[PDB]
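Novice: Sharing a structure with you now.
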RNA sequence: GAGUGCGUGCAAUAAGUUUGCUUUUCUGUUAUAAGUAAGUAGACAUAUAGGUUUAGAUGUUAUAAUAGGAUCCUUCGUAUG
RNA sequence: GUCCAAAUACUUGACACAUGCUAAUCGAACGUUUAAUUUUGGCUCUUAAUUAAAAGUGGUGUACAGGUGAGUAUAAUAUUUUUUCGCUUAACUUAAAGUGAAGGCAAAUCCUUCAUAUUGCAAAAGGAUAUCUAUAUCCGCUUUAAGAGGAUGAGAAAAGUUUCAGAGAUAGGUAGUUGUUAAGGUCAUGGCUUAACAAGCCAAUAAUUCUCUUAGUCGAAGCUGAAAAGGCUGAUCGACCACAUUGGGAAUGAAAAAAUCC
Ligand SMILES: [K+]
Ligand SMILES: [K+]
Ligand SMILES: [Mg+2]
Ligand SMILES: [Mg+2]
Ligand SMILES: [Mg+2]
Ligand SMILES: [Mg+2]
Ligand SMILES: [Mg+2]
Ligand SMILES: [Mg+2]
Ligand SMILES: [Mg+2]
Ligand SMILES: [Mg+2]
Ligand SMILES: [Mg+2]
Ligand SMILES: [Mg+2]
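Dropping the structure here:
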């Protein structure tokens with residue numbers, strides 16, 4: 040079906056070593072049939088393998104497989120992945136994740152729940168948002184499921200930042216608004232993103248990921264940054284069409300989001316307890332991270348919706364903003380000087396850069 | 006309720022003559038009279054038959070006339086029993102071990118059969134109690150490891 | 002699978018059916034378990050009747066057929082209709098009114 | 043006695059009806075001068091017109107009687123058909139504050155779903171929405187995100203006659219082996235030598 | 107069925123069919139058995155009566 | 001002298017095949033051993049972070065005993081002489 | 001030798017066979033490919049899909065139906081009548097309960113295993129269609145209790161029946177073989193099984209074994225006689241047995257009951 044996983048672009052020598060180890064001992068054996076794979080991990084066939092090593096046609100020249108001590112020879116997959124991931128400072132360095140995560144999916148390697156949230160951060164802080172979105176769309180091969188509530192909260196954050204980067208320019212904002220809709224449709228329609236872990240996180244929040252106020256505020260942010268610019276017939280039709288979504292999403296978020304409830308109180312009190320689900324929000328450094336854009340969204344949406352003559356929505360949106368702004372200020376007095384949280388919030392809400 | 010008593014049904018009585026005796030314990034060959042009808046010749050022919058009759062107390066000598074009854078199964082080839090002696094041969098009837106009545110013979114089967122079930126119920130219970138103690142011992146070694154490992158965690162949370 | 006079905010007997014252009022109780026996977030005209038009744042497809046006409054009506058002669062043992070139906074016997078389409086007319090079962094097909 | 047059913051938008055004329063049931067029945071389209079001749083002609087009259095073999099005739103009488111009862115095939119309900127083509131669109135709703143009920147409706151190609159009334163917004167039976175924007179259903183070619191169309195294809199409603207794959211179960215081996223001897227000849231004799 | 111002894115209506119179209127068919131097999135067995143039993147009794151009496 | 005769709009003895013023998021003082025091998029429980037590969041648990045800390053660290057309760061790997069099933073050989077065994 | 005209807009129609013070489021046909025079916029079990037159609041990403045190449053055809057993987061059925069009479073010489077764990085019983089996880093009826101979790105193949109209702117299933121052994125599989133401004137059905141799957149059916153257990157006991165080809169030779173056959181004691185097994189009975197003793201059991205007119213010749217068996221089924229427990233045949237009809245070029249074999253399955261398979 041798909042081409043054999045391969046890594047042929049490495050800037051550093053440590054990167055290649057980490058991948059070649061995982062590739063030739065954890066990924067390559069998965070391309071073998073079931074029978075021949077129960078031989079490499081046996082001692083009774085060690086002597087036979089040395090005489091006739093197994094071969095597999097991998098892009099021409101066949102491969103070779105000798106005895107592999109399951110306990111000793113096998114490498115630590117989590118550690119290596121971390122080493123390989125940390126040593127990535129190039130476009131081609133991050134292009135190997137599609138193959139790396141694909142190999143682990145073939146080996147049935149239960150990866151850390153938080154790994155998906157980490158790969159999104161490091162890969163997005165270098166300018167490779169597409170590589171992550173390409174894997175999220177190609178979830179049948181890479182296995183980049185949107186299981187964790189954090190991963191979706193980390194993905195939408197960078198999506199907005201890339202649009203907020205260039206002062207919410209219409210060309211990128213239009214493209215960025217498509218990425219959010221691409222995800223909200225995947226979480227809802229696609230089934231590959233649904234797992235037992237996600238069911239537990241939805242039962243604790245009582246909101247499905249596609250109807251979660253925290254994630255629905257990102258779509259209302261870009262939608263509010265489009266009507267602002269305009270509120275040339277072809278472009279005038281888009282503006283009038285963006286005002287309908289704004290009023291629609293503005294009236295859809297107010298219903299879900301209760302009255303005067305901040306981020307740390309929106310969900311049930313039993314969601315923040317467990318560390319495997321929705322505990323990152325507790326820390327002040329991480330709350331301001333996902334509370335900056337969502338806060339500015341309400342402020343920017345309450346204004347425009349107020350110019351069109353919608354009293355109720357104005358007060359409603361301001362209600363949430365007032366409750367979120369207060370909580371945000373609280374965490375701003377505890378975040379240690381130098382943390383990314385304090386910086387991001389200061390540059391977005393503080394308008395200082 | 007758990008014991009199956011014998012049928013204890015009476016059957017026809019046949020008068021025969023002991024042919025052989027003393028060759029095997031509690032068994033004699035008696036010769037009875039019969040008749041078979043030839044359909045082609047429309048004529049009855051004498052069809053005498055010889056069976057192996059069960060002699061419980063070995064009270065029959067070759068030559069005497071006896072009365073036998075069928076339906077009493079004691080062996081593979083034996084389905085007849087001695088009801089009484091018509092005419093003795095050699096010695097009087099009063100000089101031979103008495104012939105047990107059919108009731109006495111049947112009672113032996115029931116008593117022997119009932120005793121057999123008593124042995125089974127004991128063997129089944131003992132075998133079950135002997136296997137439930139080995140299955141309860143696995144729980145012991147398995148329950149201590151769990152409690153020894155589960156309480157370790159419980160103590161690191163207070 | 003006990004089945005209430007028709008065994009075709011007669012000559013060319015003279016069909017005469019015989020209601021039987023036989024196992025599904027058996028020859029059509031093999032000796033069945035029971036012969037409930039007989040069926041004549043060609044409709045007859047009363048001897049001294051000039052009106053023009055027609056009828057079909059069917060000799061059926063209702064009592065015996067009922068027992069077999071109660072133990073899981075599966076009558077065929079043709080026999081099911083006949084039983085419906087007598088009122089033992091509900092019609093398997095009905096004319097559309099619209 | 044032989045009541046005639048009014049033509050349906052998806053089946054305006056006879057050529058369409060005969061084209062949907064396939065089985066190469068569009069050869070006798072000219073035999074029927076009007077739409078009432080199809081539903082008025084009898085077996086004997088279909089035998090003289092030239093409707094043969096008997097399998098095609100009995101098959102037509104069946105679909106005929108099946109049309110009077112409104113047991114239409116795929117696309118029968120459709121009301122907004124245009125020159126043999128219809129368009130499907132997704133009609134979103136709100137069953138709850140966190141769910142959404144999507145239904146495959148049939149509306150004019152130009153109009154929008156939200157620009158139609160309840161009476162003019164039919165729900166095509168047999169077509170379901172899988173995911174947030176995919177219309178899934180037999181003979182549903184996609185045009186845009188959330189838009190599909192049904193072209194009137196020959197054999198739309200036909201009941202395919204089972205065809206033996208390769209000579210059948212009894213003769214499968216012979217046909218394959220006998221065809222394997224005709225291949226090794228071209229490879230060796232006609233081409234090799 | 108338990109749902110039929112509690113006075114509950116049929117769940118759907120098919121349930122109505124099964125209820126009717128199963129009931130047709132219930133009255134067909136009762137009449138069949140009782141009907142055939144009378145035949146036997148009526149037959150045995152004739153033999154005994156005519157044999158005595 | 002010629003033939004033989006016949007019986008039978010011996011030798012031989014494909015498929016198949018009784019038995020185990022056979023030849024490998026998988027699985028199942030039972031008891032141990034390991035915690036490095038995996039997987040499942042708990043403890044501590046970090047922050048554009050997600051690291052350190054111990055543990056076997058399910059399960060994973062290793063050995064032992066034991067049960068069963070495939071293989072190899074053995075015996076019987078068409079053709080054939 | 002004018003016509004019509006019905007019913008019969010290789011009785012011989014089970015000799016050799018050209019050609020087309022006699023068992024397939026389900027897309028509401030499952031994905032694979034190929035085409036178009038619509039989309040992503042990068043600037044034709046490349047993702048994610050829909051649809052339609054073509055080959056398959058699966059489930060069920062080819063254990064029914066139809067054909068032939070080569071081989072086959074029988075009394076046998078064969079058969080009735082009454083009494084008493086046993087087994088049956090597939091299909092057919094009625095009802096109840098349960099339908100969760102992983103791995104392997106491209107995927108699966110295919111394979112492998114796990115949790116739970118009155119105590120403890122011992123299960124399963126998912127697919128499809130509607131309603132609302134998640135819920136309820138549909139077709140299945142597993143287990144359990146019964147009815148029916150069954151090709152079922154050596155069923156058992158009592159009393160009976162079964163016209164068994166023709167010719168020739170053979171006086172021994174039987175070794176758990178016959179019986180007793182004890183125990184197990186069984187619904188029950190039976191060397192059914194085992195231990196220990198005893199030397200029995202069947203038969204003498206052929207029990208038993210052997211060779212030759214011939215044959216599918218049977219029925220008011222066909223023909224025939226006034227009739228005989230009539231005679232002959234063993235076509236079409238029904239039942240039973242055997243076989244599918246000849247010979248030698250096993251598995252699958254509820255059950256070989258195949259024109260299968262080796
Ligand atoms: K030999
Ligand atoms: K023959
Ligand atoms: Mg040899
Ligand atoms: Mg380790
Ligand atoms: Mg030989
Ligand atoms: Mg012939
Ligand atoms: Mg057959
Ligand atoms: Mg399930
Ligand atoms: Mg009598
Ligand atoms: Mg014996
Ligand atoms: Mg012959
Ligand atoms: Mg014959």
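Protein chains in written order, with UniProt numbering: chain V, 40 to 270, 275 to 396; chain P, 6 to 163; chain X, 2 to 99; chain R, 43 to 235; chain D, 107 to 158. From the three backbone atoms N, C-alpha and C, an ideal C-beta is built for every residue, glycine too.
1) With respect to the alpha helix (DSSP H) encompassing residue 227 of chain R, which residues constitute its N-terminal and C-terminal limits?
2) Between residue 172 of chain R and the rest of its own chain, which residues show a CB-CB distance below 8 Å, the 5 nearest in sequence each way excluded?
3) Residue 69 of chain V and residue 145 of chain V - do their beta-carbons sit closer together than 9 Å?
4) Please say whether residue 73 of chain P and residue 19 of chain P have beta carbons closer to each other than 9 Å?
5) Hey, could you find the ends of the beta strand (DSSP E) residue 74 of chain P is sitting in?
6) Where does residue 168 of chain R sit, in a helix, a strand or coil, going by DSSP?
7) Between the Cα of residue 12 of chain X and the Cα atoms of X:90, X:5 and X:41, which residue gives the shortest distance?
8) Do you know offhand how far residue 163 of chain P's Cα is from residue 297 of chain V's?
9) Return the Cβ separation of residue 325 of chain V and residue 263 of chain V in integer angstroms, given the expectation that the two are a contact with Cβ distance under 8 Å.
10) Using 10 angstroms around the beta-carbon of residue 274 of chain V, count the other beta-carbons present and answer buried if the total reaches 16, otherwise exposed.
11) For the region 63-70 of chain X and the region 133-149 of chain D, state whether three or more C-beta atom pairs, one from each stretch, are separated by less than 8 Å.
12) What is the residue span of the beta strand (DSSP E) that residue 16 of chain X lies within?
13) Closest Cβ-Cβ distance between residue 229 of chain V and chain R: below 9 Å?
14) Distance cutoff 9 Å, beta carbons only. Does residue 172 of chain R sit that close to anything in chain V?
15) Measuring straight from C-alpha to C-alpha, what distance separates residue 212 of chain R and residue 26 of chain X?
16) Within 10 angstroms of its Cβ, does residue 49 of chain V collect 16 or more other Cβ (buried), or is it exposed?
17) Residue 37 of chain X touches chain D at which residues, Cβ-Cβ below 9 Å?
18) Could you compute how far the alpha carbon of residue 171 of chain V sits from the alpha carbon of residue 134 of chain V?
19) Excluding the 5 residues preceding and the 5 following residue 56 of chain R in the sequence, name in chain order all residues of the same chain whose CB lies nearer than 7 Å to its CB.
20) For residue 34 of chain P and residue 25 of chain P, which I take to be in contact (beta-carbon distance under 8 Å), what is that distance rounded to the nearest angstrom?
21) Three or more C-beta pairs closer than 8 Å, one from the region 375-389 of chain V and one from the region 50-57 of chain P: is that the case here?
22) CA-CA distance, residue 168 of chain R and residue 128 of chain R?
23) Classify residue 26 of chain R as helix, strand or coil using the three-state DSSP reduction.
24) Chain X partners of residue 130 of chain D, CB-CB under 8 Å?
25) What distance in whole Å lies between the Cβ atoms of residue 261 of chain V and residue 222 of chain V, which are believed to be in contact at a cut-off of 8 Å?
26) Alpha carbon to alpha carbon, how far is residue 356 of chain V from residue 277 of chain V? Give it in angstroms, no decimals.
27) Give me the Cα-Cα distance between residue 141 of chain V and residue 150 of chain V, rounded to the nearest whole angstrom.
28) Could you give the C-beta distance for residue 265 of chain V and residue 212 of chain V, rounded to a whole number, given that I count them as a contact under 8 Å?
29) Quick test of your reading: residue 230 of chain V and residue 198 of chain V, contact by CB under 8 Å. State the CB separation rounded to the nearest angstrom.
30) Give a yes or no on whether the C-beta atoms belonging to residue 97 of chain V and residue 104 of chain V are separated by under 9 Å.
31) For residue 167 of chain V, which residues from the same chain have a beta carbon less than 7 Å from its beta carbon, with the 5 sequence-adjacent residues on both sides left out?
32) With residue 282 of chain V as the anchor, note down where its alpha helix (DSSP H) starts and where it stops.
33) Report the three-state DSSP secondary structure of residue 51 of chain P (helix, strand or coil).
34) What residues in its chain sit with their C-beta under 8 Å from that of residue 295 of chain V, if we drop five residues either side in the sequence?
Specialist: This is what the structure holds:
1) Here the question's residue 227 of chain R lines up with position 185 in the fourth chain. From DSSP, the alpha helix (DSSP H) with residue 227 of chain R extends over 210-227.
2) Mapped onto the fourth chain, residue 172 of chain R falls at position 130. So the qualifying residues of the chain are 178.
3) Your numbering for residue 145 of chain V matches position 106 in the first chain. Your numbering for residue 69 of chain V matches position 30 in the first chain. Contact flag set, yes.
4) As a first step, residue 19 of chain P must be located in the second chain, where it is residue number 14. As a first step, residue 73 of chain P must be located in the second chain, where it is residue number 68. It is a contact, given that the beta carbons lie within the stated cut-off.
5) Along the second chain, read from residue 1 onward, the residue named residue 74 of chain P stands at position 69. Its beta strand (DSSP E) spans residues 70-75.
6) Against the fourth chain, residue 168 of chain R aligns to sequence position 126. In the structure shown, residue 168 of chain R sits in coil (DSSP, three-state: anything other than H, G, I, E or B).
7) Sequence index remark: in the third chain, residue 12 of chain X carries index 11 (1-based). Measuring from the Cα of residue 12 of chain X, the nearest candidate turns out to be X:41.
8) Counting from 1 along the second chain, the entry for residue 163 of chain P is found at position 158. Counting from 1 along the first chain, the entry for residue 297 of chain V is found at position 254. One C-alpha to the other measures close to 41 Å.
9) Here residue 325 of chain V refers to the residue found at position 282 of the first chain. Here residue 263 of chain V refers to the residue found at position 224 of the first chain. Wrong, their Cβ atoms sit about 28 Å apart, outside the cutoff.
10) Here residue 274 of chain V is not present, the numbering of chain V passing from 270 to 275 in one jump.
11) yes
12) Counted from its first residue, the third chain places residue 16 of chain X at position 15. Per DSSP, residue 16 of chain X belongs to the beta strand (DSSP E) from 15-24.
13) The residue you call residue 229 of chain V lines up with position 190 of the first chain. Closer than 9 Å to some Cβ of chain R, the Cβ of residue 229 of chain V qualifies, so yes.
14) Residue mapping note: residue 172 of chain R aligns to position 130 of the fourth chain, counting from 1. Closer than 9 Å to some Cβ of chain V, the Cβ of residue 172 of chain R qualifies, so yes.
15) Indexing the fourth chain from 1 puts residue 212 of chain R at position 170. Indexing the third chain from 1 puts residue 26 of chain X at position 25. The alpha-carbon atoms of residue 212 of chain R and residue 26 of chain X are separated by roughly 22 Å.
16) One-based indexing of the first chain puts residue 49 of chain V at position 10. Label assigned to residue 49 of chain V: buried.
17) Within the third chain, residue 37 of chain X is the residue found at index 36, counting from 1. Per Cβ cutoff of 9 Å: no residues; residue 37 of chain X is ~12 Å from chain D at best.
18) Here residue 171 of chain V refers to the residue found at position 132 when the first chain is read from its first residue. Here residue 134 of chain V refers to the residue found at position 95 when the first chain is read from its first residue. Their backbone Cα atoms lie some 9 Å apart in a straight line.
19) Here residue 56 of chain R refers to the residue found at position 14 when the fourth chain is read from its first residue. Within the same chain, residue 56 of chain R has close Cβ partners 71, 74, 77 and 80.
20) Mapped onto the second chain, residue 34 of chain P falls at position 29. Mapped onto the second chain, residue 25 of chain P falls at position 20. With 8 Å as the limit, residue 34 of chain P and residue 25 of chain P qualify as a contact, their Cβ atoms being about 5 Å apart.
21) no
22) Residue mapping note: residue 168 of chain R aligns to position 126 of the fourth chain, counting from 1. Residue mapping note: residue 128 of chain R aligns to position 86 of the fourth chain, counting from 1. Using only the alpha carbons, I get a separation of about 15 Å.
23) The structure shown has nothing for residue 26 of chain R, since chain R only spans 43 to 235.
24) Here residue 130 of chain D refers to the residue found at position 24 when the fifth chain is read from its first residue. Simply 70, 89, 90 and 91.
25) Indexing the first chain from 1 puts residue 222 of chain V at position 183. Indexing the first chain from 1 puts residue 261 of chain V at position 222. So it is not a contact: roughly 13 Å between Cβ atoms.
26) Start at 1 with the first residue of the first chain, and residue 277 of chain V comes out as number 234. Start at 1 with the first residue of the first chain, and residue 356 of chain V comes out as number 313. So the alpha carbons of these two residues sit roughly 29 Å apart.
27) The count along the first chain starts at 1 and reaches residue 141 of chain V at position 102. The count along the first chain starts at 1 and reaches residue 150 of chain V at position 111. Straight-line Cα distance between these residues: approximately 12 Å.
28) In the first chain, the residue the question calls residue 265 of chain V occupies position 226. In the first chain, the residue the question calls residue 212 of chain V occupies position 173. About 6 Å separates the two Cβ atoms, so the contact holds.
29) Position 191 of the first chain, counted from the first residue, corresponds to residue 230 of chain V. Position 159 of the first chain, counted from the first residue, corresponds to residue 198 of chain V. Actually they are not in contact, since the Cβ atoms of residue 230 of chain V and residue 198 of chain V sit about 23 Å apart, beyond 8 Å.
30) Here the question's residue 97 of chain V lines up with position 58 in the first chain. Here the question's residue 104 of chain V lines up with position 65 in the first chain. The answer is no: Cβ separation not under 9 Å.
31) As a position in the first chain, residue 167 of chain V is number 128, starting the count at 1. These residues qualify, in order along the chain: 130 and 133.
32) As a position in the first chain, residue 282 of chain V is number 239, starting the count at 1. Element bounds for residue 282 of chain V: 276-299.
33) Here residue 51 of chain P corresponds to residue number 46 of the second chain, with the count starting at 1. Residue 51 of chain P falls in the strand class under three-state DSSP.
34) On the first chain, position 252 is the one that residue 295 of chain V refers to. Contacts found: 255.
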